[PDB]
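Beneath this line is the structure, given in structure tokens, with notes to follow.
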Amino acid sequence: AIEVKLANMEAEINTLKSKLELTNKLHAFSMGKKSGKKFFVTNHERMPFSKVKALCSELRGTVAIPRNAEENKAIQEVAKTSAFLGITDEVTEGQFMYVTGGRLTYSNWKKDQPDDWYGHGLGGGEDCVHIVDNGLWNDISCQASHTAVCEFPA
Amino acid sequence: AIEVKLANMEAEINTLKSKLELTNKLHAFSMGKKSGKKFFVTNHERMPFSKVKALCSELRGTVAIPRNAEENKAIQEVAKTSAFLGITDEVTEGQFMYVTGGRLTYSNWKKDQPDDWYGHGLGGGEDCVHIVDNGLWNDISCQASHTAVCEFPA
Amino acid sequence: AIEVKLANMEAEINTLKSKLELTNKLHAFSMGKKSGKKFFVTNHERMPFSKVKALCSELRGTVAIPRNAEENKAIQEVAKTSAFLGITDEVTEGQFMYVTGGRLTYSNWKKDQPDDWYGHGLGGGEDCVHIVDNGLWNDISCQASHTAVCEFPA
Ligand SMILES: CC(=O)N[C@@H]1[C@@H](O)[C@@H](O)[C@@H](CO)O[C@H]1O
Ligand SMILES: CC(=O)N[C@@H]1[C@@H](O)[C@@H](O)[C@@H](CO)O[C@H]1O
Ligand SMILES: CC(=O)N[C@@H]1[C@@H](O)[C@@H](O)[C@@H](CO)O[C@H]1O
Ligand SMILES: [Ca+2]
Ligand SMILES: [Ca+2]
Ligand SMILES: [Ca+2]
Ligand SMILES: [Ca+2]
Ligand SMILES: [Ca+2]
Ligand SMILES: [Ca+2]
Ligand SMILES: [Ca+2]
Ligand SMILES: [Ca+2]
Ligand SMILES: [Ca+2]
Ligand SMILES: [Cl-]
Ligand SMILES: [Cl-]
Ligand SMILES: [Cl-]
Ligand code: NA
């Protein structure tokens with residue numbers, strides 16, 4: 001009986017694993033995930049960049065990053081309002097990098113941006129990035145609060 | 001070795017438990033749950049209060065209860081139509097109580113309400129409570145059908 | 001030792017089964033599944049009929065099928081755009097059948113449809129069906145791309 005029960009629990013475990021995989025697949029689908037496309041999700045809450053990174057990390061995803069015009073539009077649509085992007089120049093001023101490492105391969109900066117502005121009064125300049133009107137990018141204070149949009153693999 | 005096999009399966013189970021918790025957190029996030037805020041959800045189905053309590057309990061949740069003006073607005077936005085609240089004066093006419101216990105702390109009654117109206121000729125007065133698109137409360141018959149909105153802990 | 005651990009593992013597995021069922025129930029509820037009604041879900045992606053079938057099947061559901069005017073309205077509500085239905089006459093031209101088997105009963109064809117049109121130039125006639133804007137049906141090429149909408153049991 002002991003070995004028979006053990007073999008059954010292995011089957012129970014494998015069955016639950018496939019069932020949870022199905023649950024995740026269905027959830028992604030109902031939330032709009034498209035075939036061969038990473039999917040962006042948000043709870044529409046505004047918060048400082050540090051909280052956005054922690055929260056997406058907690059969800060096993062990353063802070064949304066547009067790699068091309070298409071993805072930039074996808075993120076804009078999900079957010080509906082201004083959201084943070086996983087891009088910053090905290091490591092080297094003026095040199096924007098993906099929070100997930102590397103130099104930029106695509107950008108959609110607003111005219112006269114990035115300008116590492118200090119006038120906001122929160123302290124320091126501007127090392128974070130958010131997507132504003134018309135999907136254009138603006139460098140903004142990481143201390144500022146904007147929409148949290150997380151990314152999951154295609 | 002059965003002991004090793006058993007240890008290995010315990011580990012597999014712990015991983016599934018972690019993945020399921022992740023699934024639950026992502027679902028809430030994708031549905032708009034705010035940090036430190038309660039999670040209100042609805043299927044937009046109107047039904048008698050009895051139905052709503054049973055439904056929310058089945059989901060291990062409870063009928064939505066606004067504890068302040070903020071939450072009242074949040075519930076209003078999710079329901080988008082008239083929704084029952086987890087408040088009734090069924091036990092003792094005149095003394096409204098939370099379905100989860102205790103005397104009302106916050107309220108937002110409409111003018112001329114509660115009137116424990118009997119004119120609905122549906123049987124008895126009005127011992128339940130529902131919200132209107134305006135956000136104000138009105139006592140209504142528990143036998144009437146209104147939107148089901150369940151809440152989950154912050 | 002061994003037998004006690006096995007008993008606890010059985011218990012751990014059952015609580016996991018229980019929690020997963022609850023996750024599935026909550027997901028459906030939050031997506032709008034009405035009591036005693038089947039529930040329709042879509043990711044708003046357009047794709048050839050064979051892909052829609054494959055996808056719904058992967059999710060343990062089937063391509064949406066309107067069995068009456070109410071369900072037809074429900075499906076158009078969910079689709080928001082032209083979507084394929086689980087109905088075709090691929091087996092025997094002129095005799096529409098449900099993908100899950102059986103001859104078509106309730107129908108809601110647009111005037112002058114079905115017409116097994118060839119002029120589309122995709123090759124062959126029209127053996128699939130899609131619901132357009134207004135809820136009416138049209139036979140269309142199974143090779144054309146339309147919104148994927150899956151249904152799950154009441
Ligand atoms: C939301 C936004 O774009 N803020 C920018 C700020 O980052 C800075 O560039 C400033 C320059 O004066 O202009 C503002 O409009
Ligand atoms: C939706 C609503 O407000 N219903 C109320 C009803 O509860 C009762 O108070 C009645 C007075 O006869 O007035 C109605 O307007
Ligand atoms: C979308 C739609 O209704 N397409 C139809 C097509 O199926 C075929 O019937 C054709 C014949 O003139 O008319 C088109 O309007
Ligand atoms: Ca079993
Ligand atoms: Ca900077
Ligand atoms: Ca700037
Ligand atoms: Ca009473
Ligand atoms: Ca009363
Ligand atoms: Ca009243
Ligand atoms: Ca335990
Ligand atoms: Ca045909
Ligand atoms: Ca046609
Ligand atoms: Cl900064
Ligand atoms: Cl009553
Ligand atoms: Cl065809
Ligand atoms: Na979900």
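Labeling convention for the structure tokens: chains A, B, ... as they appear, residues from 1 per chain, ligands from 1 in order of appearance.
Based on only C-alpha atoms and all ligand atoms, the protein and nucleic acid residues found within 9 Å of ligand 9 are, by chain and then by number, residues 112, 113, 114, 115, 116, 117, 118, 125, 126, 127, 128, 129, 137, 138, 139, 140 and 141 of chain B.
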task: Once DSSP has gone over the backbone, tell me which residues of chain A are in strand (DSSP E or B), as number ranges by chain.
output: A: 39-48, 62-63, 83-88, 97-98, 103, 109, 128-131, 137-140, 145-152
Requested write-out: N, CA and C atoms of the selected residues, as a JSON list (two decimals), in the first residue's frame:
[["chain", "number", "residue", "atom", "x", "y", "z"],
["A", 39, "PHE", "N", 2.79, 39.75, -22.95],
["A", 39, "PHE", "CA", 1.60, 40.48, -22.58],
["A", 39, "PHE", "C", 1.83, 41.38, -21.38],
["A", 40, "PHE", "N", 1.24, 42.56, -21.48],
["A", 40, "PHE", "CA", 1.36, 43.61, -20.47],
["A", 40, "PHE", "C", 0.10, 43.64, -19.64],
["A", 41, "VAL", "N", 0.27, 43.83, -18.33],
["A", 41, "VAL", "CA", -0.86, 43.87, -17.41],
["A", 41, "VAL", "C", -0.64, 44.98, -16.38],
["A", 42, "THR", "N", -1.74, 45.59, -15.92],
["A", 42, "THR", "CA", -1.67, 46.66, -14.93],
["A", 42, "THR", "C", -2.88, 46.62, -13.99],
["A", 43, "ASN", "N", -2.71, 47.16, -12.79],
["A", 43, "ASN", "CA", -3.80, 47.24, -11.83],
["A", 43, "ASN", "C", -4.23, 48.71, -11.80],
["A", 44, "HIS", "N", -3.64, 49.50, -12.70],
["A", 44, "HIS", "CA", -3.92, 50.94, -12.80],
["A", 44, "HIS", "C", -3.62, 51.76, -11.55],
["A", 45, "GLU", "N", -2.61, 51.34, -10.79],
["A", 45, "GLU", "CA", -2.24, 52.04, -9.58],
["A", 45, "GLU", "C", -0.97, 52.85, -9.85],
["A", 46, "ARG", "N", -0.95, 54.09, -9.36],
["A", 46, "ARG", "CA", 0.22, 54.95, -9.53],
["A", 46, "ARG", "C", 1.12, 54.78, -8.32],
["A", 47, "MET", "N", 2.43, 54.68, -8.56],
["A", 47, "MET", "CA", 3.37, 54.50, -7.47],
["A", 47, "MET", "C", 4.79, 54.83, -7.93],
["A", 48, "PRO", "N", 5.71, 55.07, -6.99],
["A", 48, "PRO", "CA", 7.09, 55.39, -7.34],
["A", 48, "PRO", "C", 7.71, 54.21, -8.09],
["A", 62, "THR", "N", 8.47, 41.65, -15.34],
["A", 62, "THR", "CA", 9.39, 42.77, -15.32],
["A", 62, "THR", "C", 8.62, 44.06, -15.58],
["A", 63, "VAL", "N", 9.27, 45.20, -15.40],
["A", 63, "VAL", "CA", 8.61, 46.47, -15.67],
["A", 63, "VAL", "C", 8.53, 46.55, -17.20],
["A", 83, "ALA", "N", 2.41, 55.57, -17.70],
["A", 83, "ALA", "CA", 3.02, 54.48, -16.96],
["A", 83, "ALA", "C", 4.54, 54.47, -17.08],
["A", 84, "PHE", "N", 5.19, 53.92, -16.07],
["A", 84, "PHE", "CA", 6.64, 53.80, -16.05],
["A", 84, "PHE", "C", 7.10, 52.71, -17.02],
["A", 85, "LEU", "N", 8.31, 52.88, -17.55],
["A", 85, "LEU", "CA", 8.90, 51.88, -18.43],
["A", 85, "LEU", "C", 10.15, 51.36, -17.73],
["A", 86, "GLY", "N", 10.54, 50.13, -18.03],
["A", 86, "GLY", "CA", 11.73, 49.55, -17.43],
["A", 86, "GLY", "C", 13.01, 50.08, -18.05],
["A", 87, "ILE", "N", 13.15, 51.40, -18.07],
["A", 87, "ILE", "CA", 14.31, 52.06, -18.66],
["A", 87, "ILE", "C", 14.74, 53.22, -17.76],
["A", 88, "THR", "N", 16.02, 53.29, -17.43],
["A", 88, "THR", "CA", 16.52, 54.36, -16.57],
["A", 88, "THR", "C", 17.97, 54.69, -16.89],
["A", 97, "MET", "N", 19.51, 52.72, -20.00],
["A", 97, "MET", "CA", 19.67, 51.28, -20.11],
["A", 97, "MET", "C", 18.36, 50.61, -19.69],
["A", 98, "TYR", "N", 18.13, 49.39, -20.15],
["A", 98, "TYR", "CA", 16.94, 48.66, -19.76],
["A", 98, "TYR", "C", 17.20, 48.19, -18.33],
["A", 103, "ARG", "N", 21.91, 48.55, -23.60],
["A", 103, "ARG", "CA", 21.62, 49.85, -24.18],
["A", 103, "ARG", "C", 20.34, 49.75, -25.00],
["A", 109, "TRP", "N", 11.22, 59.08, -27.70],
["A", 109, "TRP", "CA", 11.31, 60.31, -26.92],
["A", 109, "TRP", "C", 10.50, 61.48, -27.47],
["A", 128, "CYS", "N", 14.26, 58.23, -14.49],
["A", 128, "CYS", "CA", 13.29, 57.23, -14.91],
["A", 128, "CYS", "C", 12.55, 57.67, -16.16],
["A", 129, "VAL", "N", 11.76, 56.76, -16.71],
["A", 129, "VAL", "CA", 11.03, 57.03, -17.94],
["A", 129, "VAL", "C", 9.57, 56.62, -17.93],
["A", 130, "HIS", "N", 8.69, 57.50, -18.40],
["A", 130, "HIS", "CA", 7.29, 57.15, -18.48],
["A", 130, "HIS", "C", 6.76, 57.51, -19.86],
["A", 131, "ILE", "N", 5.67, 56.85, -20.26],
["A", 131, "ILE", "CA", 5.07, 57.10, -21.57],
["A", 131, "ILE", "C", 3.89, 58.05, -21.41],
["A", 137, "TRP", "N", 7.85, 59.25, -25.13],
["A", 137, "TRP", "CA", 8.58, 59.04, -23.87],
["A", 137, "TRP", "C", 9.12, 60.34, -23.28],
["A", 138, "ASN", "N", 9.10, 60.43, -21.95],
["A", 138, "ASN", "CA", 9.64, 61.57, -21.19],
["A", 138, "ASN", "C", 10.44, 61.03, -20.01],
["A", 139, "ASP", "N", 11.60, 61.62, -19.71],
["A", 139, "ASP", "CA", 12.35, 61.15, -18.55],
["A", 139, "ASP", "C", 11.72, 61.88, -17.37],
["A", 140, "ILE", "N", 11.46, 61.15, -16.30],
["A", 140, "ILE", "CA", 10.80, 61.72, -15.13],
["A", 140, "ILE", "C", 11.47, 61.23, -13.86],
["A", 145, "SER", "N", 5.13, 59.29, -9.01],
["A", 145, "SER", "CA", 4.24, 58.13, -9.05],
["A", 145, "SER", "C", 3.50, 58.02, -10.37],
["A", 146, "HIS", "N", 3.65, 56.87, -11.03],
["A", 146, "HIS", "CA", 2.98, 56.63, -12.29],
["A", 146, "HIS", "C", 2.49, 55.19, -12.38],
["A", 147, "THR", "N", 1.67, 54.91, -13.39],
["A", 147, "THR", "CA", 1.07, 53.59, -13.59],
["A", 147, "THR", "C", 2.04, 52.42, -13.64],
["A", 148, "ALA", "N", 1.68, 51.37, -12.91],
["A", 148, "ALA", "CA", 2.49, 50.16, -12.87],
["A", 148, "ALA", "C", 2.01, 49.20, -13.96],
["A", 149, "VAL", "N", 2.90, 48.88, -14.89],
["A", 149, "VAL", "CA", 2.58, 47.97, -15.99],
["A", 149, "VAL", "C", 3.68, 46.92, -16.03],
["A", 150, "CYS", "N", 3.30, 45.66, -15.81],
["A", 150, "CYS", "CA", 4.26, 44.57, -15.79],
["A", 150, "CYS", "C", 4.21, 43.79, -17.10],
["A", 151, "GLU", "N", 5.34, 43.20, -17.44],
["A", 151, "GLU", "CA", 5.49, 42.42, -18.65],
["A", 151, "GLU", "C", 5.83, 40.96, -18.36],
["A", 152, "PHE", "N", 5.25, 40.07, -19.17],
["A", 152, "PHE", "CA", 5.47, 38.63, -19.08],
["A", 152, "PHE", "C", 5.84, 38.21, -20.50]]
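Compared by their closest atoms to ligand 16, and using only C-alpha atoms and all ligand atoms, the residues C:74, C:20, C:31, C:8 rank with C:31 nearest.
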message: Taking only C-alpha atoms into account and nothing else, which residues of chain A lie no more than 9 Å away from chain C? Please answer as number ranges by chain.
response: A: 2, 5-6, 9, 12-13, 16, 19-20, 22-23, 25-35
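Nearest residue to ligand 15, choosing from C:132, C:79, C:144, C:52 and counting only C-alpha atoms and all ligand atoms: C:144.
For the pair atom CA of residue 153 of chain C and atom CA of residue 38 of chain C, the separation is 4.7 Å.
Backbone DSSP over segment 20-65 of chain A gives helix (DSSP H, G or I) for residues 20, 21, 22, 23, 24, 25, 26, 27, 28, 29, 30, 49, 50, 51, 52, 53, 54, 55, 56, 57 and 58 of chain A.
The space separating atom CA of residue 71 of chain C from atom CA of residue 54 of chain B comes to 25.4 Å.
Atom pair atom CA of residue 143 of chain B / atom 2 (C, counted along the ligand's line) of ligand 2 has a distance of 13.7 Å (rounded to one decimal).
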task: Find, counting only C-alpha atoms and all ligand atoms, the residue in C:75, C:142, C:1, C:136 that gets nearest to ligand 15.
output: C:142
